[PDB]
Amino acid sequence: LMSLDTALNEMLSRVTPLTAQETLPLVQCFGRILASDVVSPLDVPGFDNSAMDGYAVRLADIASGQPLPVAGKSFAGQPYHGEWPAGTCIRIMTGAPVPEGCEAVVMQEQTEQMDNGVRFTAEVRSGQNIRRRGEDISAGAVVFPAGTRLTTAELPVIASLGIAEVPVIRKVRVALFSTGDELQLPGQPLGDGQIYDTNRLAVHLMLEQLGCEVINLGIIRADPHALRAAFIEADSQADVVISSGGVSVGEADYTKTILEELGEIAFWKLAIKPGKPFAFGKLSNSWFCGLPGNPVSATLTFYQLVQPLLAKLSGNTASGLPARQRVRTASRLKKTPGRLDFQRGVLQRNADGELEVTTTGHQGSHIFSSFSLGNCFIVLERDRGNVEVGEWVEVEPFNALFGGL
Amino acid sequence: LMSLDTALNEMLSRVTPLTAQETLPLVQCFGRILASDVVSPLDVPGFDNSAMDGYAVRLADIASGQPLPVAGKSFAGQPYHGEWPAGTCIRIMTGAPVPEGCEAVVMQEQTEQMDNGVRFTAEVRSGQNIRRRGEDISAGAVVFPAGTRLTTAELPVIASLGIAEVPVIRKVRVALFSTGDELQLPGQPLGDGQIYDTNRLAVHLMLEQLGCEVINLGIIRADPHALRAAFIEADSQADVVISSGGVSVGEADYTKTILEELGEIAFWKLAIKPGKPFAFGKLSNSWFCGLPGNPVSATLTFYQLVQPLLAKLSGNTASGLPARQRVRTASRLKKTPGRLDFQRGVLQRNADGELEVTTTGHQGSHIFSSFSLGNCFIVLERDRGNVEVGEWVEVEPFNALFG
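The deposited coordinates for this entry were obtained by X-ray crystallography, with a reported resolution of 2.820 Å.

S.K.: Can you walk me through the domain arrangement of chain B in this structure?
M.R.: It is common to report an interface's size as the accessible area lost on association of the parts. The domain boundaries assigned to chain B delineate domain 1 (1-20 + 170-322 + 397-403), domain 2 (21-44 + 137-169), domain 3 (45-136) and domain 4 (323-396). Computed from C-alpha coordinates alone, the two centres of domain 3 of chain B and domain 4 of chain B are separated by 60 Å.

S.K.: What should I look at first to understand the interface of chain A and chain B in this one?
M.R.: Between chain A and chain B, the residue contacts involve 60 residues of the former and 63 residues of the latter. Summed over both partners, the interface of chain A with chain B buries about 4,900 Å², with 64% contributed by carbon and sulfur atoms. Ranking the residues of chain A by area buried against chain B places A:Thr152, A:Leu205 and A:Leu405 at the top, with a combined share of 13%. Only helix 2 (155-160), helix 3 (199-209), strand 20 (325-329) and helix 7 (370-373) of chain A provide two or more residues apiece to the side of chain A that touches chain B. A per-class count over the side of chain A that touches chain B returns 27 nonpolar, 17 polar and 16 charged.

S.K.: How should I be thinking about the environment of B:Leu68 in this particular structure?
M.R.: Residue and element names in this part refer to chain B. Mapped onto the fold, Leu-68 is located in the loop between helix 2 (59-64) and strand 5 (72-74). A relative accessible area of 1% means that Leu-68 is categorised as buried. Once the C-alpha coordinates of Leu-68 and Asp-115 are considered, the two residues, 47 residues apart in sequence, prove to be 9.8 Å apart. Beyond its immediate sequence surroundings of up to four residues, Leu-68 is in contact with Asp-61, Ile-62, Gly-87, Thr-88, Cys-89, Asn-116, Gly-117, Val-118 and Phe-120.

S.K.: Please clarify how the domain arrangement of chain A should be interpreted in this entry.
M.R.: All names here are of chain A. As assigned here, chain A comprises domain 1 (1-20 + 170-322 + 397-405), domain 2 (21-44 + 137-169), domain 3 (45-136) and domain 4 (323-396). Summarising the inter-unit geometry, the C-alpha centres of domain 1 and domain 2 are found 32 Å apart. Domain 1 puts 9 residues into the contact, and the matching count from domain 2 is 10 residues. Taking both sides of the interface into account, the surface hidden between domain 1 and domain 2 amounts to around 670 Å²; carbon and sulfur atoms contribute 50%. Here domain 1 is connected to domain 2 by 0 salt bridges. Counting across the domain 1 and domain 2 interface gives 3 residue pairs in polar contact. Its residues assigned to classes, the side of domain 1 that touches domain 2 shows 2 nonpolar, 5 polar and 2 charged.

S.K.: Where do I start with the side chain of B:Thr360 in this structure?
M.R.: Residue and element names in this part refer to chain B. Checked against the element boundaries, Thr-360 lands in the loop between strand 24 (355-359) and helix 8 (370-373). At a separation of 3.0 Å, a polar atom in the side chain of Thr-360 contacts the side chain of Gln-363. Apart from the residues lying within four places of it in its own chain, the contact partners of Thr-360 are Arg-344, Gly-345, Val-346, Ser-370, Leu-373 and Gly-374.

How each quantity is defined
Within every chain, residues carry numbers counted from 1 in written sequence order, not necessarily those of the entry, while residues missing coordinates are excluded from display. Chain letters start at A and ligand numbers start at 1, both assigned in the order the entries are written. With hydrogens and water stripped out, all remaining heavy atoms of the structure feed into the side-chain values. Domains are outlined according to an automatic or database domain assignment. Here, residues are in contact when the closest pair of their heavy atoms is within 4.5 Å. Note on definitions: buried area is the accessible-area loss of two parts on being combined, 1.4 Å probe, summed for both. Only DSSP runs of H or I with at least four residues qualify as helices, and only runs of E with at least two residues qualify as strands; both kinds are numbered from the N terminus onward. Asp, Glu, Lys and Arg are counted as charged, while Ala, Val, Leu, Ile, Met, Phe, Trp, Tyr, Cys and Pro are counted as nonpolar; the rest, among them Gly, fall into the polar class. Here's how the labels work: a residue is buried when its accessible area is under 20% of the maximum for its type, exposed when over 50%, partly exposed in between, all with a 1.4 Å probe on protein chains only. Here, a salt bridge means any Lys or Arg side-chain nitrogen found within 4 Å of an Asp or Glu carboxyl oxygen. Whenever two N or O atoms come within 3.5 Å, that pair is a polar contact, provided that in protein one can donate a hydrogen and the other can accept it, and provided that, for residues adjacent in sequence, both atoms are side-chain atoms.

Rendered as structure tokens:
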């Protein structure tokens with residue numbers, strides 16, 4: 001009955017971003033949120049300099065109408081000096097500093113020349129083609145705000161200003177555990193209705209990729225005491241505690257009881273497919289997310305619910321979770337009204353070079369394989385029914401957590 | 001003059017993928033190329049189980065007509081091994097093993113309780129709702145081929161099969177360094193035509209994010225001897241050595257001379273923007289890549305020439321460099337024929353919900369901003385000239401490296 005949107009907002013509304021901070025050299029700062037504005041120690045460019053390669057000119061000698069001969073020149077970290085002879089232009093080259101008292105710059109390609117005077121064409125505006133000191137960054141100004149996620153895009157600019165290190169929010173810490181008599185670890189035999197734990201490994205891998213500190217307390221044994229202790233310890237060392245499965249998501253049993261007695265926890269039933277149940281509330285000193293047990297359900301729930309929560313918790317000012325984009329279905333899709341289906345899809349170029357989703361296969365949450373052969377979701381609007389070939393449909397490309405990049 | 005495509009092929013055609021291998025537990029394998037096929041050790045599912053919450057039944061019961069008791073239940077962990085007498089039924093969770101003789105299962109929503117047990121409202125089709133042992137994965141069957149780069153997709157599936165670890169190819173080793181008297185580290189003064197070193201930091205980052213093992217040799221000093229040892233060292237400890245800037249890309253000087261004396265290095269001039277120069281060739285025991293000095297050039301070149309190289313080298317069987325997709329420019333673009341301009345661009349939804357690039361701004365290589373403001377390249381076909389609003393265009397979305 002509850003909508004992904006309503007729940008997403010319900011979660012994020014109560015989250016107060018972390019603000020503890022440490023200061024590390026740029027090379028360690030990838031994907032780390034910035035603690036405080038970065039303030040440029042130097043003007044960049046450091047001095048007014050030539051837009052193109054061509055000729056630096058005084059506006060005096062232009063309609064002067066006689067051609068102007070190259071008296072001198074300025075290039076890279078070599079400047080120009082020796083008082084500018086009135087009447088002459090100066091062969092200057094892109095990036096190069098202008099000589100004192102210049103007034104414009106003209107691309108020699110515009111202007112044909114000769115062996116004793118260079119002749120210009122257009123009337124050539126004032127200040128033309130002088131990239132000025134600090135046009136790109138001014139000293140004292142704000143280069144990257146608090147909250148900017150550091151990528152290869154921002155960190156080299158920082159390095160360019162002579163800075164060796166920046167303040168950044170501490171990594172988010174997320175404690176992780178599973179439970180249930182059915183669950184066994186690699187090695188052990190399989191009892192009767194037994195399976196190996198997979199959700200925990202799945203949530204770990206994505207937490208680490210997302211840049212969290214994971215604390216993985218294993219498979220708490222099926223006893224209301226083991227469990228109380230799992231929570232005391234998880235809550236004591238994390239900002240978020242995540243049940244990969246086994247702790248209850250609505251069904252009564254001693255796990256619902258330890259949860260209710262150890263914090264304030266809601267038990268949502270979201271209008272999504274796959275999934276539906278999702279457990280979530282405050283603990284003594286952390287947040288709790290309680291994944292449903294089905295691998296696909298858990299994964300998708302985490303991906304669309306918990307992932308966005310860790311972003312806000314990190315200090316990140318962005319809206320961390322890919323954009324969708326409308327594309328034509330090349331496959332008939334079985335959608336049932338009443339639930340928002342995050343079916344899995346395959347974005348491929350048609351013969352025309354445009355995009356079109358194909359379905360991955362059977363969308364039953366009885367199998368994980370759709371994450372592999374897909375590269376995106378097909379978000380199928382809540383109220384929509386079945387979809388025919390050629391109809392339009394929203395699509396959300398996966399991200400790093402599932403392939404490429 | 002030489003075309004991107006030509007260089008790519010030429011680089012890739014000599015590169016032999018790594019085959020050294022180590023075996024680490026699943027939780028450490030993210031992003032890591034798999035060494036040999038994952039063979040399924042068990043049938044998955046491993047026992048017929050309920051696709052649904054409800055009760056296990058038989059057709060001869062149902063058939064009769066009247067309701068029927070509930071002689072026990074099969075739960076998640078708990079399997080029912082009771083007698084299961086006739087004209088009764090067994091309550092079943094979901095993913096619960098189906099009891100012996102179960103010949104179908106019925107949804108909790110097609111039943112009404114009774115004083116004397118349970119009534120089945122609707123039809124019961126034989127075999128209905130029984131997820132059958134082996135229908136998803138057959139034991140003995142290759143689940144994942146060698147060369148599968150491992151993500152959240154494949155690694156949980158492997159744990160589902162009881163598997164604690166897997167052989168993966170060893171991480172790729174990349175030595176990185178820069179040189180030149182203009183180059184200063186943080187803290188030091190900015191003498192005359194000097195700068196603070198940035199191409200190295202940029203390249204370290206991308207390398208690390210790409211899952212490579214980085215060996216950063218700092219800024220080698222402007223001495224033919226320092227540089228020679230730097231190379232001998234980088235080559236003796238890496239699969240790839242990468243001058244982030246400083247070592248020559250064409251120009252004559254003691255760097256070109258050291259390179260030429262120490263390996264077989266081409267000096268290409270590519271038909272691209274931004275960029276043009278790029279040095280590449282074998283060394284004694286590794287590959288050498290020579291980035292151009294300029295930051296945007298050295299980034300773009302790394303991303304489009306080196307990234308795809310490091311991918312082939314890793315063991316990965318995919319094509320490790322996003323697909324492009326065609327889209328309308330909503331901004332007038334300045335392109336010059338003769339080079340393939342990798343302009344920088346901003347994808348977004350219009351009012352109609354469909355994609356369209358805008359330019360980031362000035363595409364001059366005198367600034368780094370476009371990699372931040374943008375979320376993609378506009379790949380403007382070599383021969384194309386200026387492109388007007390509403391024209392169609394290829395667009396390659398950025399990736400993780402630029403956020």
